[PDB]
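Protein chains in written order, with the deposited numbering: chain C, 117 to 594; chain D, 117 to 594. All C-beta atoms in this analysis are idealised placements derived from N, C-alpha and C, irrespective of residue type, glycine included.
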DNA sequence: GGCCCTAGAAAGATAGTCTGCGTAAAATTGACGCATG
DNA sequence: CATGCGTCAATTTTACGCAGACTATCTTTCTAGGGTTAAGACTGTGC
DNA sequence: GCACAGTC
DNA sequence: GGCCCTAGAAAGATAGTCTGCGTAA
DNA sequence: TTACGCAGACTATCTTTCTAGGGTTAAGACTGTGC
DNA sequence: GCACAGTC
Ligand SMILES: [Ca+2]
Ligand SMILES: [Ca+2]
Ligand SMILES: [Ca+2]
Ligand SMILES: [Ca+2]
Ligand SMILES: [Zn+2]
Ligand SMILES: [Zn+2]
Ligand SMILES: [Zn+2]
Ligand SMILES: [Zn+2]
């Protein structure tokens, strides 16, 4: 059935359309509506001004563009009051002011507060639920997974208050929001996923290991693909349940040594030499264990990947070798995210989810992009370049309108005019001059607060001056 | 004797000098001459050019300036081939090119290769050692310690080859060079420290826990201070043997539950109600244990002469309260370092040590600086501004000389000219005479038929002129 | 609502700076005729 | 042609009122992040 | 029949 | 060198561009 | 009063190693209790 | 008188 982006999004060769595939217009439109609803409350009558207006689609895309660049650079835990510090960079200030950015980041909302009282008792995830579901839906519809899938967990660090955040001791960040997800091995496309949501998890009888494998697998349950799992999800009853009609999937993964189903023959005695392995069968399933170290034993379960052999080049059972090759399907995605991620400090947990969705979209967008382009036969650029182009495609239309203000400073105006593509169908000069070519109004060496107009410029440095200081040439020129 | 900078570094209000106190000429001179020795071995006749040149002190300081800014901007990754990408920023570009930076950093050496081969069987740390000892020496000499000191260890991440590389679980970074360290409490000034250097460390009878506390505390050995330390070091024989003619220091810290030092009355945790505590006296010193949780007990040792009882505001024994306040003296230093660290990927372990020394010099310089400024009675700026000022003080002389080349591009010339604080005219205080009095009264460039009043005096020749002929400057002046 | 601890960033507000435009007083400054040589 | 005096309404240069948009910097609240006596949630076995 | 200690 | 895996930066080298001074048309 | 060589510094981009970083069967090195 | 398994 092949692997790759589906027919619907196949002939796309640029980073913005590949991004819109995951976000869509419905998500951006919902963000704009609810954000405005919130902004309208946080506007006491002292706040009338440019920085405290409302939002639209162009601004939200530009905002995302800033988050995309934030991920490219490592400035994601850097103060916003430094990011927008001119002289270090004109990259962020050219899109919007630091105050507009701060106001908006505090006001983005993904839901309708008026209906919370009928949702919150049943769904602790309410404030991000509509967006999450639309997002995951897009992910599934844009791509056809290959032969092997990997299921594992991802933690979005977040130490603020959150009803379902949980501690995990062995992670880089230990106290955030747990998300379970499925990715295809070898490509790292995120296919599916869902929040853990604490102690809700209303499974019925089914333990969580099995429950989540069966739910995450839903899109692909009608055909045969493999599943690589952790020991949190791998078990004997799951290996057998997945082979019943409603699922055609099979499973490979390690198991815990304390499970009841493992025979004593595969347990670690001290008479068993180091480096040996043994196989036994539980019917259709093959259970294998081996001891790489004098006091350590590892167990693996493999269902449809049947038969048994040892790879003489390493001495390892072939089943573990297979496992080692597919087990990285989900953590590789996380590794790509930690290298290029935009996740900022915040005291509102639904933002943790929004930042996570932006990072996932950037990876999935890249995968589709890369695939479509290499299929066409053109060279594919790295993620770093994809992201730089994504930045411009998301912010250019906003910067273009920002320029309409007759009073948009000068240095902002000059930088925007030389950042934009200038993809104008037929633009040309009339007399070698730029289409704006305006002189500054005020005197270079005078305080701006006095608004003293400059009627002349310095021949030797082309600066605007007032007669009180100079007329033909400036005092700084000589 | 109080706490604070010593007599020699008592009145420094300039950040650059505060930095130089921990490097001095001996470290810079050794680095630059050994680096030149290395550069000459990396040349090929085909490489003759401006990039592959010998270093000098100004470049080395500028180079450290880049590393200081690197820490401010968190550019500890970020390929240098991106950091020096004009249009994102000119902050590094204006100091040196990316290829000069890559060549220079690659060639830095802190030692003499012709001597090393006869030193290496005795000291595995040879390639760093000379600089290291100079560095620590200055760290000890400046800044008198306070009444509370803390001893713990820090790990310099490094996964490359290193003979004494250590793996430590439960860390931010699993592998690296372990540094034993002593820091002042309250003010996190790094006083002393030393590499672990492998299992070959030779001690005589004394365990390492005990050994390191005695060596780290040497410079304060004859004064009474209260050392707070981890359970890797805390023990009865350490506590008993630090209150003798030599060594007059006390120890406070947690202990392991398996030491046969702890009586069975404390080593219980079964009949004891949760939240209660018990303690006893062994002699000069005391041991307390308490049971914060129904399945967990903690033991603490104090060799201070005290019975501090229980703090009623929490119910915790006062020894615990004390411990919690001073235990953070070393890890807080590591936290400050990781928030603004200058470190880069490298395959040469001595660089890991150099990067470590840069971060410590930056924090210790800040502490001396902060102290002197608040003592004077002036406001102290945060570390972020301190680092920005340090950057300019280290890179300015270099940039000033870089401008000497007639061919130093145009954008480099302009970005450098507008960042240098002293790029000013030799401006006078006043001007004795310009209009003079009434020399002509008519324009000397005007016909007798016009009799135009001369409304101006030539700026550079004081001639009687009409603005039409001589705008401000005369035609004979320019 | 959520283990001890810290440094420093977001949360949230207030006072100030950099750009454009328009009009009216102020600011000249460029001819205007009366002499000398 | 080179100078000289005292006159004016053209010219130009301020002064500042009509704002709009963006920015530096302050205090207070509270996450990000090191650290271990310290944090969840799960499965499967002893009393 | 409970609540008890071992791993993500 | 010294667990499994990957993605992407640093090693390390090559070919090319932006800048002024001396040549005159 | 505008073009061309010549030499000096800086710049983009390529391919081959091999560390930063994510895991979990996996990584040290010290201290005190098993035969 | 030797070899093993618990915490940074
Ligand atoms: Ca702000
Ligand atoms: Ca896992
Ligand atoms: Ca390079
Ligand atoms: Ca410690
Ligand atoms: Zn002026
Ligand atoms: Zn000028
Ligand atoms: Zn004239
Ligand atoms: Zn003149």
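- Query: In terms of alpha-carbon separation, which member of D:482, D:208, D:549 lies closest to residue 528 of chain D?
  - Reply: What you label residue 528 of chain D is simply residue 412 of the second chain in a count that begins at 1. Nearest C-alpha to residue 528 of chain D: D:208.
- Residue interval of the beta strand (DSSP E) (run including residue 311 of chain C): Counted from its first residue, the first chain places residue 311 of chain C at position 195. Annotation for residue 311 of chain C: the continuous beta strand (DSSP E) segment containing it runs 306 to 311.
- Message: Given the structure, does residue 264 of chain D come close to ligand 5, in the sense that its CB is under 7 Å from one of the ligand's heavy atoms?
- Response: Position 148 of the second chain, counted from the first residue, corresponds to residue 264 of chain D. Answer for residue 264 of chain D: no, Cβ out of range of ligand 5.
- Message: Between residue 205 of chain C and chain D, is any beta-carbon pair separated by less than 8 Å?
- Response: Counted from its first residue, the first chain places residue 205 of chain C at position 89. Residue 205 of chain C counts as touching chain D.
- Task: Could you check which residue in D:150, D:160, D:218 has the C-alpha nearest to that of residue 231 of chain D?
- Result: Residue 231 of chain D sits at position 115 when you count from the first residue of the second chain. Nearest C-alpha to residue 231 of chain D: D:150.
- Task: Please find out if some non-hydrogen atom of ligand 6 comes closer than 7 Å to the beta-carbon of residue 73 of chain C.
- Result: It is not possible to answer for residue 73 of chain C, since the shown part of chain C is limited to 117 through 594.
- Query: Which chain C residues sit within Cβ distance under 8 Å of residue 191 of chain D?
  - Reply: Along the second chain, one-based indexing puts residue 191 of chain D at 75. Neighbours of residue 191 of chain D on chain C, chain order: 190.
- Message: When you compare the CB of residue 588 of chain D with every CB in chain C, is at least one pair closer than 8 Å?
- Response: Translated into positions along the second chain, residue 588 of chain D becomes position 472. Yes, because at least one Cβ of chain C sits closer than 8 Å to the Cβ of residue 588 of chain D.
- Item | Three or more C-beta pairs below 8 Å linking the segment 181 to 192 of chain D and the segment 287 to 295 of chain D | no
- Task: Mind checking which residues open and close the beta strand (DSSP E) that includes residue 405 of chain D?
- Result: As a first step, residue 405 of chain D is located in the second chain; it is residue number 289 there, counting from the start. Residues 402 to 409.
- Query: Since residue 194 of chain D meets chain C, which of its residues come closer than 9 Å, beta carbon to beta carbon?
  - Reply: Translated into positions along the second chain, residue 194 of chain D becomes position 78. Residues of chain C passing the Cβ test: 189, 190.
- If we ignore side chains and look at the alpha-carbon of each, how far apart do residue 419 of chain D and residue 402 of chain D end up? The residue given as residue 419 of chain D occupies position 303 in the second chain. The residue given as residue 402 of chain D occupies position 286 in the second chain. The straight-line gap from Cα to Cα measures roughly 6 Å.
- Item | residue 347 of chain D versus residue 265 of chain D - alpha carbon distance | Within the second chain, residue 347 of chain D is the residue found at index 231, counting from 1. Within the second chain, residue 265 of chain D is the residue found at index 149, counting from 1. So the two alpha carbons sit approximately 15 Å from each other.
- Considering residue 380 of chain D, what are the terminal residues of the beta strand (DSSP E) in which it resides? In the second chain, the residue the question calls residue 380 of chain D occupies position 264. No beta strand (DSSP E) holds residue 380 of chain D; DSSP gives it neither H nor E.
- Query: Do the segment 472 to 480 of chain D and the segment 301 to 313 of chain D touch if we need at least three Cβ pairs shorter than 8 Å?
  - Reply: yes
- Query: If you measure from the CB of residue 268 of chain D, is any heavy atom of ligand 4 nearer than 7 Å?
  - Reply: Residue 268 of chain D sits at position 152 when you count from the first residue of the second chain. Between ligand 4 and the CB of residue 268 of chain D, the shortest heavy atom gap is smaller than 7 Å.
- Task: Decide yes or no for the touch test of the segment 387 to 399 of chain C against the segment 328 to 337 of chain C: beta carbon pairs closer than 8 Å, at least 3 of them.
- Result: no
- Task: Report all residues from its chain with a CB closer than 6 Å to the CB of residue 268 of chain C; omit the five preceding and five following residues, and keep chain order.
- Result: Here residue 268 of chain C refers to the residue found at position 152 when the first chain is read from its first residue. These residues qualify, in order along the chain: 346, 446.
- Might you give, ordered along the chain, the residues of its own chain that have their beta carbon closer than 7 Å to the beta carbon of residue 218 of chain C, omitting 5 neighbours on each side? Here residue 218 of chain C refers to the residue found at position 102 when the first chain is read from its first residue. Around residue 218 of chain C, the same chain offers 196 as residues with beta carbons nearer than 7 Å, after the five sequence neighbours per side are excluded.
- Could you please go through the chain and list the residues whose beta-carbon is closer than 5 Å to any non-hydrogen atom of ligand 7? D:559, D:561, D:562, D:568, D:582, D:585
- I think residue 146 of chain C touches residue 246 of chain C, with their Cβ atoms under 8 Å apart; what is that distance to the nearest whole Å? What you label residue 146 of chain C is simply residue 30 of the first chain in a count that begins at 1. What you label residue 246 of chain C is simply residue 130 of the first chain in a count that begins at 1. Cβ-Cβ separation between residue 146 of chain C and residue 246 of chain C: approximately 7 Å, consistent with a contact (criterion under 8 Å).
- In the DSSP assignment, find the unbroken alpha helix (DSSP H) run with residue 215 of chain D in it and report its ends. Numbered from its first residue, the second chain carries residue 215 of chain D at position 99. Counting along the chain, the alpha helix (DSSP H) containing residue 215 of chain D begins and ends at 214 to 223.
- So does the segment 548 to 566 of chain C actually touch the segment 493 to 505 of chain D, counting three or more Cβ pairs closer than 8 Å? no
- Residues in its own chain within less than 8 Å of residue 494 of chain D by CB, not counting five upstream and five downstream? Residue 494 of chain D sits at position 378 when you count from the first residue of the second chain. Correct list, in chain order: 129.
- Query: Hey, which unbroken runs of the alpha helix (DSSP H) at 4 residues or more fall wholly within the segment 144 to 212 of chain C?
  - Reply: Within the segment 144 to 212 of chain C, the complete alpha helix (DSSP H) runs of at least 4 residues are 173 to 188, 196 to 199.
- Query: CB of residue 197 of chain C to nearest heavy atom of ligand 1: below 7 Å?
  - Reply: Your numbering for residue 197 of chain C matches position 81 in the first chain. Result yes, Cβ under 7 Å from ligand 1.
- Item | Residue of C:142, C:206, C:224, C:214 minimising C-alpha distance to residue 463 of chain C | Taking the first residue of the first chain as position 1, residue 463 of chain C is located at position 347. Checking every option, the nearest Cα to that of residue 463 of chain C belongs to C:224.
- Message: Three Cβ pairs or more, each shorter than 8 Å: is that satisfied between the segment 251 to 264 of chain D and the segment 128 to 144 of chain D?
- Response: yes
- Item | Contact set, ligand 8 heavy atom to C-beta under 6 Å | D:574, D:576, D:577, D:579, D:590, D:592, D:593
- Item | N- and C-terminal bounds of the alpha helix (DSSP H) containing residue 490 of chain D | Within the second chain, residue 490 of chain D is the residue found at index 374, counting from 1. Unbroken alpha helix (DSSP H) run through residue 490 of chain D: 465 to 492.
- Message: Which residue marks the beginning of the alpha helix (DSSP H) containing residue 455 of chain D, and which one marks its end?
- Response: For this step, residue 455 of chain D is matched to residue 339 along the second chain. Counting along the chain, the alpha helix (DSSP H) containing residue 455 of chain D begins and ends at 447 to 455.
- Query: Are the Cβ atoms of residue 586 of chain C and residue 206 of chain C separated by less than 8 Å?
  - Reply: Taking the first chain and counting its residues from 1, one reaches residue 586 of chain C at position 470. Taking the first chain and counting its residues from 1, one reaches residue 206 of chain C at position 90. Taking 8 Å as the Cβ cut-off, residue 586 of chain C and residue 206 of chain C do not qualify as a contacting pair.
- Message: Can you look up residue 539 of chain C in the DSSP assignment and give me helix, strand or coil?
- Response: By 1-based counting over the first chain, the position of residue 539 of chain C is 423. In the structure shown, residue 539 of chain C sits in coil (DSSP, three-state: anything other than H, G, I, E or B).
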